[PDB]
Each structure stands twice: as C-alpha cells, then as structure tokens.
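Below: entry.cif (mmCIF, N, CA and C atoms; chains and numbers go by the auth columns)
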```cif
data_target
#
loop_
_atom_site.group_PDB
_atom_site.id
_atom_site.type_symbol
_atom_site.label_atom_id
_atom_site.label_comp_id
_atom_site.label_asym_id
_atom_site.label_seq_id
_atom_site.Cartn_x
_atom_site.Cartn_y
_atom_site.Cartn_z
_atom_site.B_iso_or_equiv
_atom_site.auth_seq_id
_atom_site.auth_asym_id
ATOM 1 N N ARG A 1 0.821 -1.237 0.000 0.00 1 G
ATOM 2 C CA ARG A 1 0.000 0.000 0.000 0.00 1 G
ATOM 3 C C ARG A 1 0.863 1.300 0.000 0.00 1 G
ATOM 4 N N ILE A 2 0.202 2.444 -0.260 0.00 2 G
ATOM 5 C CA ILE A 2 0.774 3.794 0.026 0.00 2 G
ATOM 6 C C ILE A 2 0.204 4.366 1.362 0.00 2 G
ATOM 7 N N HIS A 3 1.015 5.231 1.987 0.00 3 G
ATOM 8 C CA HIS A 3 0.618 6.059 3.154 0.00 3 G
ATOM 9 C C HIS A 3 0.236 7.495 2.680 0.00 3 G
ATOM 10 N N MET A 4 1.235 8.256 2.206 0.00 4 G
ATOM 11 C CA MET A 4 1.067 9.650 1.724 0.00 4 G
ATOM 12 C C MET A 4 1.692 9.760 0.319 0.00 4 G
ATOM 13 N N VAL A 5 0.825 9.742 -0.712 0.00 5 G
ATOM 14 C CA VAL A 5 1.204 10.235 -2.053 0.00 5 G
ATOM 15 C C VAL A 5 0.680 11.688 -2.260 0.00 5 G
ATOM 16 N N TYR A 6 1.535 12.376 -3.003 0.00 6 G
ATOM 17 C CA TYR A 6 1.133 13.245 -4.145 0.00 6 G
ATOM 18 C C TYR A 6 0.311 12.432 -5.196 0.00 6 G
ATOM 19 N N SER A 7 1.014 12.238 -6.267 0.00 7 G
ATOM 20 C CA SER A 7 0.524 11.602 -7.515 0.00 7 G
ATOM 21 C C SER A 7 1.533 10.471 -7.908 0.00 7 G
ATOM 22 N N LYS A 8 2.140 10.511 -9.109 0.00 8 G
ATOM 23 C CA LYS A 8 3.092 9.468 -9.599 0.00 8 G
ATOM 24 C C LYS A 8 4.595 9.725 -9.271 0.00 8 G
ATOM 25 N N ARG A 9 5.124 10.938 -9.522 0.00 9 G
ATOM 26 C CA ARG A 9 6.601 11.201 -9.576 0.00 9 G
ATOM 27 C C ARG A 9 7.371 11.567 -8.281 0.00 9 G
ATOM 28 N N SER A 10 6.843 12.664 -7.881 0.00 10 G
ATOM 29 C CA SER A 10 6.826 13.151 -6.473 0.00 10 G
ATOM 30 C C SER A 10 6.100 12.285 -5.394 0.00 10 G
ATOM 31 N N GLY A 11 5.034 11.546 -5.754 0.00 11 G
ATOM 32 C CA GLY A 11 4.274 10.715 -4.795 0.00 11 G
ATOM 33 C C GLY A 11 4.806 9.285 -4.621 0.00 11 G
ATOM 34 N N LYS A 12 4.829 8.505 -5.715 0.00 12 G
ATOM 35 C CA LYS A 12 5.278 7.083 -5.683 0.00 12 G
ATOM 36 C C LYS A 12 6.388 6.743 -6.727 0.00 12 G
ATOM 37 N N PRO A 13 7.675 7.154 -6.511 0.00 13 G
ATOM 38 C CA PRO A 13 8.864 6.421 -7.022 0.00 13 G
ATOM 39 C C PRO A 13 8.991 5.057 -6.277 0.00 13 G
ATOM 40 N N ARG A 14 10.116 4.996 -5.638 0.00 14 G
ATOM 41 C CA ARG A 14 10.307 4.263 -4.331 0.00 14 G
ATOM 42 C C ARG A 14 9.328 4.297 -3.115 0.00 14 G
ATOM 43 N N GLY A 15 8.657 5.399 -3.198 0.00 15 G
ATOM 44 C CA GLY A 15 7.338 5.645 -2.564 0.00 15 G
ATOM 45 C C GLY A 15 6.107 4.765 -2.906 0.00 15 G
ATOM 46 N N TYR A 16 6.226 3.746 -3.773 0.00 16 G
ATOM 47 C CA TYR A 16 5.155 2.701 -3.977 0.00 16 G
ATOM 48 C C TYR A 16 4.600 1.890 -2.775 0.00 16 G
ATOM 49 N N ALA A 17 5.633 1.450 -2.141 0.00 17 G
ATOM 50 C CA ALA A 17 5.652 1.252 -0.666 0.00 17 G
ATOM 51 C C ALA A 17 6.116 2.532 0.096 0.00 17 G
ATOM 52 N N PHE A 18 5.171 3.456 0.374 0.00 18 G
ATOM 53 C CA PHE A 18 5.467 4.717 1.130 0.00 18 G
ATOM 54 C C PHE A 18 5.600 4.555 2.682 0.00 18 G
ATOM 55 N N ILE A 19 4.861 3.613 3.302 0.00 19 G
ATOM 56 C CA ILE A 19 4.870 3.353 4.784 0.00 19 G
ATOM 57 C C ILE A 19 6.210 3.159 5.560 0.00 19 G
ATOM 58 N N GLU A 20 6.862 2.271 4.887 0.00 20 G
ATOM 59 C CA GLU A 20 8.322 2.024 4.958 0.00 20 G
ATOM 60 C C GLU A 20 9.199 3.236 4.521 0.00 20 G
ATOM 61 N N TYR A 21 9.031 3.655 3.257 0.00 21 G
ATOM 62 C CA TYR A 21 9.918 4.665 2.616 0.00 21 G
ATOM 63 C C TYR A 21 9.170 5.498 1.549 0.00 21 G
#
```
Structure encoded using structure tokens:
Amino acid sequence: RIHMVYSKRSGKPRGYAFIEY
C-alpha cells in the first residue's frame, strides 16, 4: 500500500511502498 502520495513522480517512485519509505 501507500501512506502519503502526491501523484506518480513526487508521490510514488520508491514511494510505492510509502509506509516504509
């Protein structure tokens, strides 16, 4: 899952798994 996205670039790079990182 994600915790805190923006959108795609700024939100989920490595941020795909945001909870962790």
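Computed from the coordinates, the atom CA of residue G:21 to atom CA of residue G:7 distance equals 15.5 Å.
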(Q) Neighbouring residues of residue G:3 were defined as those with any atom within 6.5 Å, considering only N, CA and C atoms; residues of the same chain fewer than 6 positions away were excluded. Please report them as a ChimeraX atom specification. (A) /G:17-19
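Here atom C of residue G:2 is placed at a distance of 7.3 Å from atom C of residue G:15.
In this structure, atom N of residue G:1 sits 10.5 Å away from atom C of residue G:20.
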Could you write chain G as a compact mmCIF listing (two decimals), keeping the file's coordinate frame, with N, CA, C and O atoms rebuilt where they are missing?
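So part.txt came out as:
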```txt
# COMPACT_ATOMS: atom_id res chain seq x y z
N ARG G 1 0.82 -1.24 0.00
CA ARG G 1 0.00 0.00 0.00
C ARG G 1 0.86 1.30 0.00
O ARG G 1 2.07 1.29 0.29
N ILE G 2 0.20 2.44 -0.26
CA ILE G 2 0.77 3.79 0.03
C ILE G 2 0.20 4.37 1.36
O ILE G 2 -0.91 4.07 1.79
N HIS G 3 1.01 5.23 1.99
CA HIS G 3 0.62 6.06 3.15
C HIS G 3 0.24 7.50 2.68
O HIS G 3 -0.93 7.88 2.75
N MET G 4 1.24 8.26 2.21
CA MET G 4 1.07 9.65 1.72
C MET G 4 1.69 9.76 0.32
O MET G 4 2.91 9.92 0.18
N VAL G 5 0.82 9.74 -0.71
CA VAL G 5 1.20 10.24 -2.05
C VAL G 5 0.68 11.69 -2.26
O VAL G 5 -0.45 12.09 -1.95
N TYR G 6 1.54 12.38 -3.00
CA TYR G 6 1.13 13.24 -4.14
C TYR G 6 0.31 12.43 -5.20
O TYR G 6 -0.86 12.07 -5.03
N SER G 7 1.01 12.24 -6.27
CA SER G 7 0.52 11.60 -7.52
C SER G 7 1.53 10.47 -7.91
O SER G 7 1.72 9.54 -7.12
N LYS G 8 2.14 10.51 -9.11
CA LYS G 8 3.09 9.47 -9.60
C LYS G 8 4.60 9.72 -9.27
O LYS G 8 5.28 8.79 -8.86
N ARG G 9 5.12 10.94 -9.52
CA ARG G 9 6.60 11.20 -9.58
C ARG G 9 7.37 11.57 -8.28
O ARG G 9 8.24 10.90 -7.72
N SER G 10 6.84 12.66 -7.88
CA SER G 10 6.83 13.15 -6.47
C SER G 10 6.10 12.28 -5.39
O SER G 10 6.52 12.31 -4.23
N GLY G 11 5.03 11.55 -5.75
CA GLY G 11 4.27 10.72 -4.80
C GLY G 11 4.81 9.28 -4.62
O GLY G 11 5.17 8.90 -3.51
N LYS G 12 4.83 8.51 -5.72
CA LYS G 12 5.28 7.08 -5.68
C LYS G 12 6.39 6.74 -6.73
O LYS G 12 6.13 6.00 -7.68
N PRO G 13 7.68 7.15 -6.51
CA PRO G 13 8.86 6.42 -7.02
C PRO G 13 8.99 5.06 -6.28
O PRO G 13 8.11 4.20 -6.22
N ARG G 14 10.12 5.00 -5.64
CA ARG G 14 10.31 4.26 -4.33
C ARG G 14 9.33 4.30 -3.12
O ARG G 14 9.18 3.40 -2.28
N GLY G 15 8.66 5.40 -3.20
CA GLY G 15 7.34 5.64 -2.56
C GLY G 15 6.11 4.76 -2.91
O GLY G 15 5.03 5.04 -2.38
N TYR G 16 6.23 3.75 -3.77
CA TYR G 16 5.16 2.70 -3.98
C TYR G 16 4.60 1.89 -2.78
O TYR G 16 3.42 1.77 -2.45
N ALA G 17 5.63 1.45 -2.14
CA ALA G 17 5.65 1.25 -0.67
C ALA G 17 6.12 2.53 0.10
O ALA G 17 7.29 2.67 0.44
N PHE G 18 5.17 3.46 0.37
CA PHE G 18 5.47 4.72 1.13
C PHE G 18 5.60 4.56 2.68
O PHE G 18 6.36 5.30 3.31
N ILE G 19 4.86 3.61 3.30
CA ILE G 19 4.87 3.35 4.78
C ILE G 19 6.21 3.16 5.56
O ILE G 19 6.58 3.76 6.57
N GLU G 20 6.86 2.27 4.89
CA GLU G 20 8.32 2.02 4.96
C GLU G 20 9.20 3.24 4.52
O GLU G 20 10.01 3.73 5.31
N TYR G 21 9.03 3.66 3.26
CA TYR G 21 9.92 4.66 2.62
C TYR G 21 9.17 5.50 1.55
O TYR G 21 8.71 6.62 1.77
```
